[PDB]
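Taking it in order: structure first as structure tokens, then the write-up.
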Amino acid sequence: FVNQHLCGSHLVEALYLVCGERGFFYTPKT
Amino acid sequence: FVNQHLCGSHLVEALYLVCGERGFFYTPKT
Amino acid sequence: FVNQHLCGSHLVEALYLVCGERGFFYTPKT
Amino acid sequence: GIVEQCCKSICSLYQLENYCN
Amino acid sequence: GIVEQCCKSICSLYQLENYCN
Amino acid sequence: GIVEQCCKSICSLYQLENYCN
Ligand SMILES: [Zn+2]
């Protein structure tokens with residue numbers, strides 16, 4: 001996988017590819 | 001809607017979702 | 001074409017549009 | 001324009017809808 | 001969360017898969 | 001490469017077409 005900082009909608013799209021049929025959760029809070 | 005700064009093609013894609021069947025105008029000039 | 005700095009996946013998507021049926025090569029190394 | 005409101009500052013759903021037709 | 005690991009720092013394929021279901 | 005021309009600087013339509021096949 002790419003060696004860059006993944007942010008915004010690119011981070012969500014990374015998660016989409018990497019999980020696939022498993023799906024994911026994006027909870028961006030501190 | 002998201003609390004981030006929307007720029008470039010992400011700003012145009014925000015406008016696409018938010019208007020839908022109304023459409024939009026993107027004129028980026030100062 | 002747009003007068004901005006094209007990076008990341010936006011640079012690859014620029015190359016996709018600009019070449020089309022010719023295709024391209026993305027080799028990001030220094 | 002929109003690049004001073006929604007990119008240099010932040011835009012809510014309504015301040016962005018003013019750029020629809 | 002994920003915005004401290006994969007955005008403020010860099011994430012490999014595995015540190016990102018921990019955010020799958 | 002392309003990351004020094006089109007990302008660190010700006011590329012017109014032609015300087016980007018040199019990266020096609
Ligand atoms: Zn982007």
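Every chain in the structure tokens has a letter given in the order shown (A, B, ...), and although residue numbers restart at 1 in each chain, ligands are simply numbered from 1 in the order shown.
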> Neighbours of ligand 1 within 9 Å, counting only C-alpha atoms and all ligand atoms, as a VMD selection string?
Replying inline: (chain A and resid 7 to 10) or (chain B and resid 7 to 10) or (chain C and resid 7 to 10)
What does chain F look like once superposed on chain E, all Cα atoms paired in sequence order, least squares? Give it as a PDB file with N, CA, C and O atoms, in the first residue's frame.
ATOM      1  N   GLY F   1      -8.339   8.090  17.158  1.00  0.00           N
ATOM      2  CA  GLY F   1      -8.984   7.435  16.049  1.00  0.00           C
ATOM      3  C   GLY F   1      -8.107   7.350  14.813  1.00  0.00           C
ATOM      4  O   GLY F   1      -6.892   7.549  14.877  1.00  0.00           O
ATOM      5  N   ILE F   2      -8.744   7.085  13.668  1.00  0.00           N
ATOM      6  CA  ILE F   2      -8.053   6.940  12.393  1.00  0.00           C
ATOM      7  C   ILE F   2      -7.398   8.212  11.863  1.00  0.00           C
ATOM      8  O   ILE F   2      -6.390   8.129  11.160  1.00  0.00           O
ATOM      9  N   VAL F   3      -7.918   9.392  12.240  1.00  0.00           N
ATOM     10  CA  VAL F   3      -7.408  10.694  11.799  1.00  0.00           C
ATOM     11  C   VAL F   3      -6.104  11.106  12.508  1.00  0.00           C
ATOM     12  O   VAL F   3      -5.423  12.060  12.114  1.00  0.00           O
ATOM     13  N   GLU F   4      -5.724  10.384  13.570  1.00  0.00           N
ATOM     14  CA  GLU F   4      -4.466  10.600  14.277  1.00  0.00           C
ATOM     15  C   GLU F   4      -3.408   9.617  13.753  1.00  0.00           C
ATOM     16  O   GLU F   4      -2.211   9.919  13.723  1.00  0.00           O
ATOM     17  N   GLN F   5      -3.844   8.424  13.327  1.00  0.00           N
ATOM     18  CA  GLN F   5      -2.932   7.424  12.806  1.00  0.00           C
ATOM     19  C   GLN F   5      -2.676   7.549  11.321  1.00  0.00           C
ATOM     20  O   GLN F   5      -1.522   7.676  10.912  1.00  0.00           O
ATOM     21  N   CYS F   6      -3.738   7.496  10.510  1.00  0.00           N
ATOM     22  CA  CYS F   6      -3.578   7.500   9.070  1.00  0.00           C
ATOM     23  C   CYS F   6      -3.538   8.856   8.377  1.00  0.00           C
ATOM     24  O   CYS F   6      -3.131   8.932   7.215  1.00  0.00           O
ATOM     25  N   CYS F   7      -3.919   9.939   9.062  1.00  0.00           N
ATOM     26  CA  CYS F   7      -3.842  11.262   8.469  1.00  0.00           C
ATOM     27  C   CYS F   7      -2.715  12.066   9.104  1.00  0.00           C
ATOM     28  O   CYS F   7      -1.889  12.610   8.371  1.00  0.00           O
ATOM     29  N   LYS F   8      -2.607  12.157  10.436  1.00  0.00           N
ATOM     30  CA  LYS F   8      -1.514  12.880  11.084  1.00  0.00           C
ATOM     31  C   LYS F   8      -0.157  12.188  11.037  1.00  0.00           C
ATOM     32  O   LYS F   8       0.892  12.793  11.260  1.00  0.00           O
ATOM     33  N   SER F   9      -0.199  10.876  10.803  1.00  0.00           N
ATOM     34  CA  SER F   9       0.968  10.025  10.622  1.00  0.00           C
ATOM     35  C   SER F   9       0.674   9.176   9.383  1.00  0.00           C
ATOM     36  O   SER F   9      -0.314   9.406   8.678  1.00  0.00           O
ATOM     37  N   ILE F  10       1.492   8.171   9.066  1.00  0.00           N
ATOM     38  CA  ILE F  10       1.241   7.345   7.893  1.00  0.00           C
ATOM     39  C   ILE F  10       0.839   5.932   8.305  1.00  0.00           C
ATOM     40  O   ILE F  10       1.342   5.371   9.282  1.00  0.00           O
ATOM     41  N   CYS F  11      -0.116   5.373   7.555  1.00  0.00           N
ATOM     42  CA  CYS F  11      -0.626   4.032   7.785  1.00  0.00           C
ATOM     43  C   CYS F  11      -0.318   3.064   6.670  1.00  0.00           C
ATOM     44  O   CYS F  11      -0.598   3.304   5.493  1.00  0.00           O
ATOM     45  N   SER F  12       0.227   1.931   7.110  1.00  0.00           N
ATOM     46  CA  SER F  12       0.437   0.790   6.236  1.00  0.00           C
ATOM     47  C   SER F  12      -0.892   0.058   6.026  1.00  0.00           C
ATOM     48  O   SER F  12      -1.907   0.380   6.650  1.00  0.00           O
ATOM     49  N   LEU F  13      -0.896  -0.960   5.162  1.00  0.00           N
ATOM     50  CA  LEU F  13      -2.092  -1.727   4.838  1.00  0.00           C
ATOM     51  C   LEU F  13      -2.773  -2.369   6.049  1.00  0.00           C
ATOM     52  O   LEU F  13      -4.002  -2.446   6.121  1.00  0.00           O
ATOM     53  N   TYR F  14      -1.979  -2.779   7.043  1.00  0.00           N
ATOM     54  CA  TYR F  14      -2.487  -3.471   8.218  1.00  0.00           C
ATOM     55  C   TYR F  14      -3.074  -2.521   9.247  1.00  0.00           C
ATOM     56  O   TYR F  14      -4.146  -2.812   9.777  1.00  0.00           O
ATOM     57  N   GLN F  15      -2.438  -1.370   9.521  1.00  0.00           N
ATOM     58  CA  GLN F  15      -2.964  -0.382  10.467  1.00  0.00           C
ATOM     59  C   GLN F  15      -4.258   0.301  10.052  1.00  0.00           C
ATOM     60  O   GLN F  15      -4.882   1.031  10.820  1.00  0.00           O
ATOM     61  N   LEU F  16      -4.625   0.066   8.796  1.00  0.00           N
ATOM     62  CA  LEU F  16      -5.822   0.588   8.189  1.00  0.00           C
ATOM     63  C   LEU F  16      -6.901  -0.486   8.217  1.00  0.00           C
ATOM     64  O   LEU F  16      -8.081  -0.153   8.337  1.00  0.00           O
ATOM     65  N   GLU F  17      -6.518  -1.776   8.123  1.00  0.00           N
ATOM     66  CA  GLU F  17      -7.443  -2.910   8.190  1.00  0.00           C
ATOM     67  C   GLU F  17      -8.079  -3.131   9.550  1.00  0.00           C
ATOM     68  O   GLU F  17      -9.100  -3.807   9.663  1.00  0.00           O
ATOM     69  N   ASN F  18      -7.480  -2.564  10.601  1.00  0.00           N
ATOM     70  CA  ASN F  18      -8.055  -2.582  11.937  1.00  0.00           C
ATOM     71  C   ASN F  18      -9.310  -1.713  12.029  1.00  0.00           C
ATOM     72  O   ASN F  18     -10.051  -1.747  13.012  1.00  0.00           O
ATOM     73  N   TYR F  19      -9.558  -0.915  10.985  1.00  0.00           N
ATOM     74  CA  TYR F  19     -10.744  -0.091  10.900  1.00  0.00           C
ATOM     75  C   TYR F  19     -11.819  -0.736  10.034  1.00  0.00           C
ATOM     76  O   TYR F  19     -12.849  -0.127   9.759  1.00  0.00           O
ATOM     77  N   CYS F  20     -11.617  -1.993   9.606  1.00  0.00           N
ATOM     78  CA  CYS F  20     -12.662  -2.752   8.925  1.00  0.00           C
ATOM     79  C   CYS F  20     -13.550  -3.418   9.970  1.00  0.00           C
ATOM     80  O   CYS F  20     -13.278  -3.372  11.171  1.00  0.00           O
ATOM     81  N   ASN F  21     -14.620  -4.073   9.520  1.00  0.00           N
ATOM     82  CA  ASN F  21     -15.527  -4.781  10.408  1.00  0.00           C
ATOM     83  C   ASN F  21     -15.181  -6.270  10.560  1.00  0.00           C
ATOM     84  O   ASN F  21     -14.012  -6.623  10.380  1.00  0.00           O
TER      85      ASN F  21
END
>> From a backbone DSSP assignment, name each residue in chain A labelled alpha helix (DSSP H), as a list in words.
In response: residues 8, 9, 10, 11, 12, 13, 14, 15, 16, 17, 18 and 19 of chain A
> How far is it from atom CA of residue C:2 to atom CA of residue C:15, in Å with one decimal?
Replying inline: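 Computing the Euclidean distance for atom CA of residue C:2 and atom CA of residue C:15 yields 12.6 Å.
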> Between atom CA of residue B:6 and atom CA of residue C:12, what is the spacing in Å?
Replying inline: 20.1 Å
>> Tell me as a list in words which residues belonging to chain B come within 7 Å of chain D, counting only C-alpha atoms.
In response: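 Therefore, the residues near the partner are residues 1, 3, 4, 5, 6, 7, 15, 18, 19, 22, 23, 24, 25, 28, 29 and 30 of chain B.
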